Each structure stands twice: as structure tokens, then as C-alpha cells.
file start_26.csv (CSV, C-alpha atoms and all ligand atoms)
chain,number,residue,atom,x,y,z
B,1,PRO,CA,134.1,128.7,133.3
B,2,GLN,CA,131.8,128.7,130.3
B,3,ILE,CA,128.3,127.6,131.5
B,4,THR,CA,126.0,126.0,128.9
B,5,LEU,CA,122.3,126.8,129.1
B,6,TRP,CA,121.0,123.4,127.9
B,7,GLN,CA,120.3,122.7,131.6
B,8,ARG,CA,119.5,125.1,134.5
B,9,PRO,CA,122.7,126.8,135.5
B,10,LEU,CA,123.0,125.6,139.1
B,11,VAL,CA,126.0,126.2,141.3
B,12,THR,CA,127.0,125.6,144.9
B,13,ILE,CA,127.3,128.7,147.1
B,14,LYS,CA,128.8,129.1,150.5
B,15,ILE,CA,126.8,131.5,152.7
B,16,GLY,CA,126.5,132.0,156.5
B,17,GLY,CA,128.5,128.8,157.0
B,18,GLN,CA,126.1,126.8,154.9
B,19,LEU,CA,126.4,125.1,151.4
B,20,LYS,CA,123.4,125.7,149.1
B,21,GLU,CA,122.4,125.1,145.5
B,22,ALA,CA,121.3,128.1,143.6
B,23,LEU,CA,120.4,129.2,140.0
B,24,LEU,CA,122.5,131.8,138.2
B,25,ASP,CA,119.8,134.1,137.2
B,26,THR,CA,120.4,137.1,134.9
B,27,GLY,CA,116.7,138.0,135.0
B,28,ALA,CA,116.9,138.6,138.8
B,29,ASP,CA,118.1,142.0,140.0
B,30,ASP,CA,118.6,140.6,143.5
B,31,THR,CA,119.8,137.4,145.1
B,32,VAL,CA,116.9,135.6,146.8
B,33,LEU,CA,117.3,132.6,149.1
B,34,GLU,CA,114.9,130.3,150.9
B,35,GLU,CA,114.4,130.8,154.6
B,36,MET,CA,117.7,130.8,156.5
B,37,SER,CA,119.4,132.7,159.3
B,38,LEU,CA,121.9,135.5,158.6
B,39,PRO,CA,123.7,137.9,161.0
B,40,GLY,CA,123.3,141.7,161.2
B,41,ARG,CA,120.6,144.2,160.5
B,42,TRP,CA,117.8,143.6,158.0
B,43,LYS,CA,114.7,145.4,156.7
B,44,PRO,CA,111.5,144.1,155.1
B,45,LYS,CA,111.1,144.3,151.3
B,46,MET,CA,108.5,143.2,148.7
B,47,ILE,CA,109.9,141.6,145.5
B,48,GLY,CA,107.8,140.6,142.6
B,49,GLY,CA,108.1,138.2,139.7
B,50,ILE,CA,105.8,136.1,137.7
B,51,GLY,CA,102.8,135.4,139.9
B,52,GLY,CA,103.2,138.5,142.0
B,53,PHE,CA,105.0,139.5,145.1
B,54,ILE,CA,106.6,138.0,148.2
B,55,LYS,CA,107.8,139.6,151.4
B,56,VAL,CA,111.5,139.1,152.2
B,57,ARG,CA,114.1,140.2,154.7
B,58,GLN,CA,116.9,142.3,153.1
B,59,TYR,CA,120.4,141.7,154.5
B,60,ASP,CA,123.2,143.9,153.3
B,61,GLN,CA,127.0,143.3,153.1
B,62,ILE,CA,126.8,139.5,153.3
B,63,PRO,CA,129.9,137.5,152.3
B,64,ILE,CA,129.2,134.8,149.8
B,65,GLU,CA,131.4,132.4,147.8
B,66,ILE,CA,130.2,131.3,144.3
B,67,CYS,CA,132.4,128.8,142.3
B,68,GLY,CA,135.5,129.7,144.4
B,69,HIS,CA,134.8,133.4,143.8
B,70,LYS,CA,134.3,135.6,146.9
B,71,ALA,CA,131.9,138.5,146.8
B,72,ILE,CA,129.8,140.6,149.1
B,73,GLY,CA,126.3,142.0,148.7
B,74,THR,CA,122.7,142.1,149.6
B,75,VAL,CA,120.8,138.8,150.1
B,76,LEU,CA,117.0,138.7,150.3
B,77,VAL,CA,115.6,135.9,152.4
B,78,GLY,CA,112.0,134.6,152.2
B,79,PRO,CA,109.6,132.1,150.6
B,80,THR,CA,111.1,131.9,147.1
B,81,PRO,CA,110.4,128.5,145.4
B,82,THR,CA,114.1,128.3,144.5
B,83,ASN,CA,117.4,130.0,145.4
B,84,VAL,CA,118.5,132.5,142.8
B,85,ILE,CA,121.8,134.4,142.4
B,86,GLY,CA,120.9,137.8,140.9
B,87,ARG,CA,122.8,140.4,139.1
B,88,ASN,CA,123.9,142.1,142.3
B,89,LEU,CA,126.3,139.2,142.9
B,90,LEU,CA,126.8,138.0,139.3
B,91,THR,CA,128.6,141.3,138.5
B,92,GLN,CA,131.1,140.8,141.3
B,93,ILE,CA,132.3,137.5,140.0
B,94,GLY,CA,132.7,138.9,136.5
B,95,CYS,CA,129.8,137.0,135.0
B,96,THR,CA,128.7,137.9,131.4
B,97,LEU,CA,126.3,136.7,128.8
B,98,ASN,CA,127.9,135.8,125.5
B,99,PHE,CA,126.6,135.0,122.1
Y,101,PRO,CA,128.1,140.4,121.9
Y,102,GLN,CA,129.3,140.2,125.5
Y,103,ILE,CA,126.7,141.6,127.9
Y,104,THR,CA,127.6,142.5,131.5
Y,105,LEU,CA,125.1,142.6,134.3
Y,106,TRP,CA,125.4,145.9,135.9
Y,107,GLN,CA,122.1,146.8,134.3
Y,108,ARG,CA,119.2,144.6,133.3
Y,109,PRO,CA,120.2,142.6,130.1
Y,110,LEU,CA,117.4,144.1,128.0
Y,111,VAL,CA,117.5,143.5,124.3
Y,112,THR,CA,115.3,144.2,121.4
Y,113,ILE,CA,113.4,141.3,119.9
Y,114,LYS,CA,111.3,141.0,116.8
Y,115,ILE,CA,108.1,138.9,116.7
Y,116,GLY,CA,105.2,139.1,114.3
Y,117,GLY,CA,106.9,142.0,112.6
Y,118,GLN,CA,107.0,144.1,115.7
Y,119,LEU,CA,109.9,145.2,118.0
Y,120,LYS,CA,109.7,144.6,121.7
Y,121,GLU,CA,112.1,144.9,124.6
Y,122,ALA,CA,112.8,141.7,126.6
Y,123,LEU,CA,115.1,140.5,129.3
Y,124,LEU,CA,117.7,137.8,128.7
Y,125,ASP,CA,116.9,135.5,131.6
Y,126,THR,CA,119.0,132.4,132.4
Y,127,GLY,CA,116.7,131.7,135.3
Y,128,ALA,CA,113.7,131.1,133.0
Y,129,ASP,CA,113.3,127.7,131.4
Y,130,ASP,CA,110.8,129.2,129.0
Y,131,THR,CA,110.2,132.4,127.1
Y,132,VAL,CA,107.2,134.4,128.3
Y,133,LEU,CA,105.8,137.5,126.7
Y,134,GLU,CA,103.2,140.1,127.7
Y,135,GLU,CA,99.7,139.8,126.1
Y,136,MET,CA,99.9,139.9,122.3
Y,137,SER,CA,98.5,138.2,119.2
Y,138,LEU,CA,100.1,135.2,117.6
Y,139,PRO,CA,98.9,132.8,114.9
Y,140,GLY,CA,97.6,129.3,115.0
Y,141,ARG,CA,96.4,127.2,117.9
Y,142,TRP,CA,97.6,127.4,121.4
Y,143,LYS,CA,97.9,124.9,124.2
Y,144,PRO,CA,97.6,125.5,128.0
Y,145,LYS,CA,100.5,125.8,130.4
Y,146,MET,CA,100.9,126.8,134.0
Y,147,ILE,CA,104.2,128.5,134.8
Y,148,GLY,CA,105.5,129.3,138.3
Y,149,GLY,CA,107.7,132.1,139.5
Y,150,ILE,CA,108.6,133.9,142.6
Y,151,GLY,CA,105.0,134.9,143.5
Y,152,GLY,CA,103.2,131.8,142.4
Y,153,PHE,CA,101.7,130.5,139.2
Y,154,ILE,CA,100.1,132.0,136.1
Y,155,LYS,CA,98.2,130.5,133.2
Y,156,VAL,CA,99.7,131.3,129.8
Y,157,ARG,CA,99.0,130.4,126.1
Y,158,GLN,CA,101.7,128.2,124.5
Y,159,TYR,CA,102.5,128.8,120.9
Y,160,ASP,CA,104.9,126.5,119.1
Y,161,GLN,CA,107.3,127.0,116.2
Y,162,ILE,CA,107.1,130.8,116.3
Y,163,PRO,CA,109.8,132.8,114.5
Y,164,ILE,CA,111.5,135.3,116.8
Y,165,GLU,CA,114.6,137.5,116.4
Y,166,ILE,CA,116.7,138.2,119.5
Y,167,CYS,CA,119.3,140.9,119.2
Y,168,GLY,CA,119.3,140.1,115.5
Y,169,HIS,CA,119.8,136.4,116.0
Y,170,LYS,CA,117.1,134.2,114.4
Y,171,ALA,CA,115.2,131.6,116.4
Y,172,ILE,CA,112.1,129.6,115.9
Y,173,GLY,CA,110.5,128.0,118.9
Y,174,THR,CA,108.0,128.0,121.7
Y,175,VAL,CA,106.6,131.3,123.0
Y,176,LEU,CA,104.3,131.6,126.1
Y,177,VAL,CA,101.9,134.5,126.2
Y,178,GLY,CA,100.4,135.8,129.5
Y,179,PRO,CA,100.3,138.2,132.3
Y,180,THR,CA,104.0,138.3,133.0
Y,181,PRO,CA,105.4,141.5,134.5
Y,182,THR,CA,108.1,141.7,131.8
Y,183,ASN,CA,109.0,140.0,128.6
Y,184,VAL,CA,111.5,137.3,129.3
Y,185,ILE,CA,113.7,135.3,126.9
Y,186,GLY,CA,114.3,131.9,128.6
Y,187,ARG,CA,116.7,129.1,128.0
Y,188,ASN,CA,114.6,127.5,125.2
Y,189,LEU,CA,115.6,130.4,122.9
Y,190,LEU,CA,118.9,131.4,124.6
Y,191,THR,CA,120.3,128.0,123.5
Y,192,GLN,CA,119.1,128.6,119.9
Y,193,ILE,CA,121.1,131.8,119.7
Y,194,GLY,CA,124.2,130.2,121.2
Y,195,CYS,CA,124.2,132.0,124.5
Y,196,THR,CA,126.4,131.0,127.4
Y,197,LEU,CA,127.3,132.4,130.8
Y,198,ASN,CA,131.0,133.1,131.3
Y,199,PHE,CA,133.2,134.2,134.2
G,201,LIG,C1,107.5,142.2,139.4
G,201,LIG,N1,108.9,142.3,139.5
G,201,LIG,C2,109.6,143.1,138.7
G,201,LIG,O1,109.0,143.8,137.9
G,201,LIG,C3,111.1,143.1,138.8
G,201,LIG,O2,111.5,142.4,140.0
G,201,LIG,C4,112.1,141.2,139.8
G,201,LIG,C5,113.3,141.3,138.9
G,201,LIG,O3,114.5,141.4,139.7
G,201,LIG,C6,114.1,141.1,141.1
G,201,LIG,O4,114.9,140.0,141.6
G,201,LIG,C7,114.0,138.9,141.9
G,201,LIG,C8,112.8,139.1,141.0
G,201,LIG,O5,113.2,138.7,139.7
G,201,LIG,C9,112.6,137.7,139.0
G,201,LIG,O6,111.6,137.2,139.6
G,201,LIG,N2,113.1,137.3,137.9
G,201,LIG,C10,112.4,136.4,137.0
G,201,LIG,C11,112.1,137.1,135.7
G,201,LIG,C12,111.3,138.2,136.0
G,201,LIG,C13,111.8,139.5,135.8
G,201,LIG,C14,110.9,140.6,136.1
G,201,LIG,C15,109.6,140.4,136.5
G,201,LIG,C16,109.1,139.1,136.6
G,201,LIG,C17,110.0,138.0,136.4
G,201,LIG,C18,113.3,135.2,136.7
G,201,LIG,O7,114.5,135.6,136.1
G,201,LIG,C19,112.6,134.2,135.8
G,201,LIG,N3,111.6,133.3,136.6
G,201,LIG,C20,111.7,133.8,138.0
G,201,LIG,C21,112.4,132.7,138.8
G,201,LIG,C22,113.9,132.6,138.5
G,201,LIG,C23,112.2,133.0,140.3
G,201,LIG,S1,110.1,133.5,136.1
G,201,LIG,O8,109.8,134.9,135.5
G,201,LIG,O9,109.2,133.3,137.3
G,201,LIG,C24,109.7,132.3,134.9
G,201,LIG,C25,109.2,131.0,135.3
G,201,LIG,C26,109.0,130.0,134.4
G,201,LIG,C27,109.4,130.2,133.0
G,201,LIG,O10,109.3,129.2,132.1
G,201,LIG,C28,108.9,128.0,132.8
G,201,LIG,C29,109.9,131.4,132.6
G,201,LIG,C30,110.1,132.5,133.6
G,201,LIG,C31,112.7,140.6,141.1
G,202,CL,CL,124.3,144.4,146.6
G,203,CL,CL,132.9,144.3,134.5
G,204,CL,CL,111.5,126.0,121.9

call {"tool": "encode", "arguments": {"input": "start_26.csv", "output": "C-alpha cells"}}
result
Amino acid sequence: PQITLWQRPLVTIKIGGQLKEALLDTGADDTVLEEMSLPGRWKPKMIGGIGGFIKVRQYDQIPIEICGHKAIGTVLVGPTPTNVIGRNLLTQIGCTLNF
Amino acid sequence: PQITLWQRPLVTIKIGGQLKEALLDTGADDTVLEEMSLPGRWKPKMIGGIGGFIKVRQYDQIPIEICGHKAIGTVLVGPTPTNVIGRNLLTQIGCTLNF
């Protein structure tokens, strides 16, 4: 698809059996989701943006589907104000900026 | 250009005659730069990110070049961790997401 930026670039993702809305976010290194359960190991991490840091749980090798596109990668879970899809998953679906 | 997302999408911008580095950020509604001087009057704005809110100064109708592409619009100045070019200016330079 070609996604305009007149509005926030929101998409539906499938993750851990759940459907969720998330923002396609080229300014995020990592994918960060609001509190949810995921299977497997995790380790604590601090991630920072505007306004400072939050503590998250880092899960590796999580399957996700974005716009019909399957990918696997690291998902950070914690008290983000909104779900963002970061570059670590945008690359996998072949997402580019164009102008 | 077509910019992939394996690395941060950092580009050179020009504002007030000076070059800076900034992140092309589809997850940002607005453009927020690190402390700097701009002309005219400013208005207050609170913007929120991952770690909470910050107060910024809002300057309107500012000329800014982004990867050589000319824009004129609203620039927020405050204690952001990194310069970010948000959708307000990404739309001016004709940027889309594509996959
Ligand atoms: C300190 N941390 C660092 O150095 C790097 O660590 C960062 C980078 O990668 C990592 O992944 C998750 C996090 O990334 C971000 O948070 N990304 C930020 C941009 C940004 C990039 C680097 C640092 C700080 C912010 C978003 O892409 C934009 N907005 C955040 C929203 C999408 C959560 S915004 O910035 O809050 C904002 C809100 C309103 C506005 O107008 C209204 C305009 C902007 C970590
Ligand atoms: Cl990853
Ligand atoms: Cl590629
Ligand atoms: Cl603007």
C-alpha cells in the first residue's frame, strides 16, 4: 500500500491471538505495546522518548501480522500511551519512506 | 528518495541558515527541535510522548528545508531528546509510507 500522512498511520496488527490498533512509527527503533500477555522469556528494559523513560518487558522472537504481512521480532510491553510499530518490524514488511 | 528503515531515518535539515540532523518520524504529529533561537512570537504547547509531557515553544510559519525539500510551517522548540520531523512537515514534502 501507499500510506498517506495526512492522518496518523494506524493499522491493525495481530499479536498473541489479539487484534490491536497501532501506529506505524519510523521514529521508534522498537515496537512498544500497552500492557498485554506474551509467551516465553523476557527481560526488563528502559526506553526513552519525549518526556523521559518508561520500564518495559522485552520479548524476543514474537510473531506478528501487520496488514497481512507476517513478521517476527522483539516486542516491548509496558505503559506506553499508544501502541507503536517500530523499525525493527517495519523493515520486515518492506516499509519505506518515499518523497 | 526512498529511505529504508534498517537504520534511523536521519536527514539533514536547514533552519535559520544552519544545518541540523533530524529524524523523519511518522509517529509524530508535530515537528519538535532541540533548544534553538527562532524569530517572532511564540505560543505555548504541551506535547506528550512515551515518558510523559513536555512544554515547548510553538513558532508558526517558519521556513525549513528537509533533505533539500522546502517547507514553511510550525516548529516546536523544547527539551526533546532528538530533533524530530513530524507529519505537519512530512506532508509538505510529499512523504508517504510504502510497502
Ligand atoms: C530517549 N530515547 C531515545 O533517545 C531513543 O529511544 C527512542 C527511539 O527509539 C525507541 O523506540 C521507542 C522510543 O522511540 C520514540 O519514543 N520515538 C518518538 C520520537 C523520538 C525519538 C527519539 C527520542 C525521543 C522521541 C516518536 O517517533 C515520536 N513521538 C513518540 C510517540 C510515537 C511515542 S514523540 O517524540 O513523543 C512526539 C510527540 C508529539 C509530537 O507532536 C505532537 C511530536 C513527537 C525509543
Ligand atoms: Cl527485533
Ligand atoms: Cl530492504
Ligand atoms: Cl505546519

call {"tool": "residues_around", "arguments": {"input": "start_26.csv", "residues": "residue B:62", "least_positions_apart": "5", "cutoff": "8 Å", "atoms": "only C-alpha atoms", "output": "NGL selection string"}}
result
:B and (72-75)

call {"tool": "interface_residues", "arguments": {"input": "start_26.csv", "of": "chain B", "to": "chain Y", "cutoff": "6 Å", "atoms": "only C-alpha atoms", "output": "ChimeraX atom specification"}}
result
/B:1-4,25-27,49-54,80,87,91,94-99

call {"tool": "calpha_fit_and_write", "arguments": {"input": "start_26.csv", "fixed": "chain B", "moving": "chain Y", "output": "JSON list (two decimals) with C-alpha atoms, in the coordinates of the input"}}
result
[["chain", "number", "residue", "atom", "x", "y", "z"],
["Y", 101, "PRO", "CA", 134.00, 128.75, 133.63],
["Y", 102, "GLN", "CA", 131.72, 128.82, 130.59],
["Y", 103, "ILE", "CA", 128.25, 127.51, 131.44],
["Y", 104, "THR", "CA", 125.78, 126.50, 128.71],
["Y", 105, "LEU", "CA", 122.06, 126.48, 129.18],
["Y", 106, "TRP", "CA", 120.86, 123.14, 128.20],
["Y", 107, "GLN", "CA", 120.30, 122.45, 131.87],
["Y", 108, "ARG", "CA", 119.51, 124.81, 134.71],
["Y", 109, "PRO", "CA", 122.74, 126.81, 135.59],
["Y", 110, "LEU", "CA", 122.86, 125.50, 139.16],
["Y", 111, "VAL", "CA", 125.97, 126.16, 141.15],
["Y", 112, "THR", "CA", 127.11, 125.63, 144.64],
["Y", 113, "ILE", "CA", 127.31, 128.65, 146.89],
["Y", 114, "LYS", "CA", 128.67, 129.12, 150.36],
["Y", 115, "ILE", "CA", 126.97, 131.38, 152.94],
["Y", 116, "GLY", "CA", 127.30, 131.38, 156.69],
["Y", 117, "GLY", "CA", 129.63, 128.42, 156.41],
["Y", 118, "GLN", "CA", 127.10, 126.26, 154.68],
["Y", 119, "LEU", "CA", 126.83, 124.97, 151.06],
["Y", 120, "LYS", "CA", 123.68, 125.52, 149.09],
["Y", 121, "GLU", "CA", 122.65, 125.04, 145.49],
["Y", 122, "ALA", "CA", 121.44, 128.16, 143.61],
["Y", 123, "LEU", "CA", 120.54, 129.19, 140.13],
["Y", 124, "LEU", "CA", 122.55, 131.76, 138.19],
["Y", 125, "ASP", "CA", 119.74, 134.05, 137.08],
["Y", 126, "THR", "CA", 120.31, 137.02, 134.73],
["Y", 127, "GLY", "CA", 116.63, 137.79, 134.94],
["Y", 128, "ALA", "CA", 116.83, 138.58, 138.68],
["Y", 129, "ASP", "CA", 117.98, 142.03, 139.74],
["Y", 130, "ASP", "CA", 118.51, 140.70, 143.23],
["Y", 131, "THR", "CA", 119.69, 137.57, 144.97],
["Y", 132, "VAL", "CA", 116.97, 135.71, 146.86],
["Y", 133, "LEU", "CA", 117.45, 132.72, 149.09],
["Y", 134, "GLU", "CA", 115.12, 130.24, 150.80],
["Y", 135, "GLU", "CA", 114.46, 130.75, 154.57],
["Y", 136, "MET", "CA", 117.70, 130.71, 156.56],
["Y", 137, "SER", "CA", 119.48, 132.54, 159.38],
["Y", 138, "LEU", "CA", 121.75, 135.48, 158.81],
["Y", 139, "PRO", "CA", 123.33, 137.98, 161.20],
["Y", 140, "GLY", "CA", 122.56, 141.54, 162.02],
["Y", 141, "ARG", "CA", 119.52, 143.65, 161.26],
["Y", 142, "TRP", "CA", 117.32, 143.33, 158.30],
["Y", 143, "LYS", "CA", 115.22, 145.76, 156.33],
["Y", 144, "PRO", "CA", 111.91, 145.10, 154.46],
["Y", 145, "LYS", "CA", 111.57, 144.61, 150.73],
["Y", 146, "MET", "CA", 108.82, 143.53, 148.41],
["Y", 147, "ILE", "CA", 110.01, 141.64, 145.33],
["Y", 148, "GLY", "CA", 107.85, 140.71, 142.32],
["Y", 149, "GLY", "CA", 108.07, 137.78, 139.98],
["Y", 150, "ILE", "CA", 106.00, 135.88, 137.58],
["Y", 151, "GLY", "CA", 103.20, 135.05, 140.09],
["Y", 152, "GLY", "CA", 103.13, 138.26, 142.03],
["Y", 153, "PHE", "CA", 104.93, 139.69, 145.00],
["Y", 154, "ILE", "CA", 106.56, 138.34, 148.16],
["Y", 155, "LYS", "CA", 107.89, 139.99, 151.28],
["Y", 156, "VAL", "CA", 111.53, 139.17, 152.02],
["Y", 157, "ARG", "CA", 114.20, 140.17, 154.64],
["Y", 158, "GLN", "CA", 117.08, 142.26, 153.21],
["Y", 159, "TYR", "CA", 120.49, 141.68, 154.63],
["Y", 160, "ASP", "CA", 123.36, 143.89, 153.55],
["Y", 161, "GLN", "CA", 127.11, 143.31, 153.25],
["Y", 162, "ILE", "CA", 126.85, 139.53, 153.56],
["Y", 163, "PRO", "CA", 129.84, 137.42, 152.46],
["Y", 164, "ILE", "CA", 128.87, 134.80, 149.89],
["Y", 165, "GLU", "CA", 130.93, 132.45, 147.69],
["Y", 166, "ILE", "CA", 129.55, 131.58, 144.24],
["Y", 167, "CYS", "CA", 131.23, 128.76, 142.42],
["Y", 168, "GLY", "CA", 134.29, 129.62, 144.47],
["Y", 169, "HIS", "CA", 134.22, 133.28, 143.58],
["Y", 170, "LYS", "CA", 134.04, 135.65, 146.59],
["Y", 171, "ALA", "CA", 131.35, 138.31, 146.88],
["Y", 172, "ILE", "CA", 130.04, 140.47, 149.61],
["Y", 173, "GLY", "CA", 126.68, 142.10, 149.14],
["Y", 174, "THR", "CA", 122.96, 142.18, 149.61],
["Y", 175, "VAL", "CA", 121.04, 138.93, 150.20],
["Y", 176, "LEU", "CA", 117.18, 138.70, 150.35],
["Y", 177, "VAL", "CA", 115.70, 135.93, 152.42],
["Y", 178, "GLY", "CA", 112.11, 134.65, 151.85],
["Y", 179, "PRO", "CA", 109.71, 132.20, 150.47],
["Y", 180, "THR", "CA", 111.23, 131.90, 147.04],
["Y", 181, "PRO", "CA", 110.74, 128.60, 145.21],
["Y", 182, "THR", "CA", 114.49, 128.31, 144.53],
["Y", 183, "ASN", "CA", 117.67, 130.02, 145.51],
["Y", 184, "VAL", "CA", 118.54, 132.57, 142.92],
["Y", 185, "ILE", "CA", 121.80, 134.50, 142.36],
["Y", 186, "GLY", "CA", 120.79, 137.83, 140.72],
["Y", 187, "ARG", "CA", 122.68, 140.51, 138.94],
["Y", 188, "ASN", "CA", 123.82, 142.27, 142.17],
["Y", 189, "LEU", "CA", 126.24, 139.37, 142.81],
["Y", 190, "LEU", "CA", 126.70, 138.17, 139.18],
["Y", 191, "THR", "CA", 128.45, 141.51, 138.47],
["Y", 192, "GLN", "CA", 130.72, 141.04, 141.53],
["Y", 193, "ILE", "CA", 131.97, 137.74, 140.17],
["Y", 194, "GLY", "CA", 132.52, 139.15, 136.69],
["Y", 195, "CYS", "CA", 129.77, 137.29, 134.91],
["Y", 196, "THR", "CA", 128.65, 138.12, 131.41],
["Y", 197, "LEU", "CA", 126.34, 136.62, 128.82],
["Y", 198, "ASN", "CA", 128.01, 135.72, 125.53],
["Y", 199, "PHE", "CA", 126.85, 134.45, 122.13]]

call {"tool": "atom_distance", "arguments": {"input": "start_26.csv", "atom1": "atom CA of residue B:34", "atom2": "atom CA of residue B:16"}}
result
13.0 Å

call {"tool": "closest_residue", "arguments": {"input": "start_26.csv", "among": "B:70, B:59, B:36, B:41", "to": "ligand CL 202 (chain G)", "atoms": "all atoms listed in the file"}}
result
B:59

call {"tool": "atom_distance", "arguments": {"input": "start_26.csv", "atom1": "atom CA of residue B:18", "atom2": "atom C23 of ligand LIG 201 (chain G)"}}
result
21.1 Å

call {"tool": "decode", "arguments": {"input": "start_26.csv", "residues": "stretch 102-121 of chain Y", "atoms": "N, CA, C and O atoms", "output": "mmCIF file, in the first residue's frame"}}
result
data_model
loop_
_atom_site.group_PDB
_atom_site.id
_atom_site.type_symbol
_atom_site.label_atom_id
_atom_site.label_comp_id
_atom_site.auth_asym_id
_atom_site.auth_seq_id
_atom_site.Cartn_x
_atom_site.Cartn_y
_atom_site.Cartn_z
ATOM 1 N N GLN Y 102 13.980 7.095 -1.723
ATOM 2 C CA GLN Y 102 13.365 6.022 -0.955
ATOM 3 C C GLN Y 102 14.275 5.641 0.199
ATOM 4 O O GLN Y 102 15.459 5.368 0.008
ATOM 5 N N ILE Y 103 13.752 5.775 1.411
ATOM 6 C CA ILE Y 103 14.548 5.576 2.614
ATOM 7 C C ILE Y 103 14.060 4.330 3.353
ATOM 8 O O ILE Y 103 12.892 4.224 3.719
ATOM 9 N N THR Y 104 14.932 3.337 3.457
ATOM 10 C CA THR Y 104 14.622 2.132 4.210
ATOM 11 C C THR Y 104 14.863 2.381 5.695
ATOM 12 O O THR Y 104 15.323 3.454 6.097
ATOM 13 N N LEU Y 105 14.516 1.404 6.516
ATOM 14 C CA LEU Y 105 14.387 1.646 7.948
ATOM 15 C C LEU Y 105 15.275 0.722 8.774
ATOM 16 O O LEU Y 105 15.120 0.621 9.988
ATOM 17 N N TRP Y 106 16.320 0.205 8.141
ATOM 18 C CA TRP Y 106 17.282 -0.617 8.859
ATOM 19 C C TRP Y 106 18.106 0.209 9.832
ATOM 20 O O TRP Y 106 18.573 -0.313 10.855
ATOM 21 N N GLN Y 107 18.345 1.467 9.471
ATOM 22 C CA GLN Y 107 18.914 2.442 10.391
ATOM 23 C C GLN Y 107 17.881 3.539 10.638
ATOM 24 O O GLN Y 107 16.908 3.642 9.910
ATOM 25 N N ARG Y 108 18.112 4.365 11.659
ATOM 26 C CA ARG Y 108 17.284 5.550 11.863
ATOM 27 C C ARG Y 108 17.240 6.435 10.619
ATOM 28 O O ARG Y 108 18.278 6.715 10.027
ATOM 29 N N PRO Y 109 16.053 6.954 10.271
ATOM 30 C CA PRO Y 109 15.942 7.775 9.065
ATOM 31 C C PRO Y 109 16.317 9.230 9.341
ATOM 32 O O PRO Y 109 15.444 10.103 9.496
ATOM 33 N N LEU Y 110 17.602 9.423 9.591
ATOM 34 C CA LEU Y 110 18.157 10.725 9.901
ATOM 35 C C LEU Y 110 18.471 11.456 8.621
ATOM 36 O O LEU Y 110 19.047 10.885 7.687
ATOM 37 N N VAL Y 111 18.001 12.691 8.537
ATOM 38 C CA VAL Y 111 18.296 13.538 7.401
ATOM 39 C C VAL Y 111 18.828 14.874 7.869
ATOM 40 O O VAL Y 111 18.740 15.212 9.044
ATOM 41 N N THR Y 112 19.430 15.617 6.955
ATOM 42 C CA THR Y 112 19.888 16.956 7.270
ATOM 43 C C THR Y 112 18.790 17.946 6.941
ATOM 44 O O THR Y 112 18.102 17.815 5.919
ATOM 45 N N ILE Y 113 18.505 18.813 7.904
ATOM 46 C CA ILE Y 113 17.565 19.906 7.698
ATOM 47 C C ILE Y 113 18.306 21.233 7.768
ATOM 48 O O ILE Y 113 19.430 21.301 8.259
ATOM 49 N N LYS Y 114 17.708 22.262 7.186
ATOM 50 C CA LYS Y 114 18.231 23.615 7.321
ATOM 51 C C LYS Y 114 17.176 24.562 7.866
ATOM 52 O O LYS Y 114 16.055 24.612 7.356
ATOM 53 N N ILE Y 115 17.515 25.237 8.959
ATOM 54 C CA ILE Y 115 16.590 26.139 9.627
ATOM 55 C C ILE Y 115 17.354 27.311 10.229
ATOM 56 O O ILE Y 115 18.425 27.125 10.819
ATOM 57 N N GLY Y 116 16.895 28.522 9.930
ATOM 58 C CA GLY Y 116 17.639 29.723 10.321
ATOM 59 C C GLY Y 116 19.071 29.737 9.818
ATOM 60 O O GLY Y 116 19.969 30.243 10.490
ATOM 61 N N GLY Y 117 19.279 29.209 8.615
ATOM 62 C CA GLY Y 117 20.594 29.252 7.977
ATOM 63 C C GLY Y 117 21.569 28.190 8.457
ATOM 64 O O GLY Y 117 22.702 28.124 7.985
ATOM 65 N N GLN Y 118 21.128 27.331 9.373
ATOM 66 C CA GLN Y 118 22.010 26.346 9.983
ATOM 67 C C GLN Y 118 21.549 24.925 9.677
ATOM 68 O O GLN Y 118 20.355 24.651 9.619
ATOM 69 N N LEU Y 119 22.505 24.036 9.442
ATOM 70 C CA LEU Y 119 22.206 22.626 9.258
ATOM 71 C C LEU Y 119 22.092 21.898 10.589
ATOM 72 O O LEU Y 119 22.944 22.049 11.469
ATOM 73 N N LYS Y 120 21.097 21.015 10.676
ATOM 74 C CA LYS Y 120 20.942 20.122 11.818
ATOM 75 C C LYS Y 120 20.588 18.740 11.307
ATOM 76 O O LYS Y 120 20.165 18.591 10.175
ATOM 77 N N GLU Y 121 20.733 17.733 12.158
ATOM 78 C CA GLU Y 121 20.255 16.395 11.853
ATOM 79 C C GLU Y 121 18.901 16.189 12.520
ATOM 80 O O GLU Y 121 18.708 16.585 13.669
#
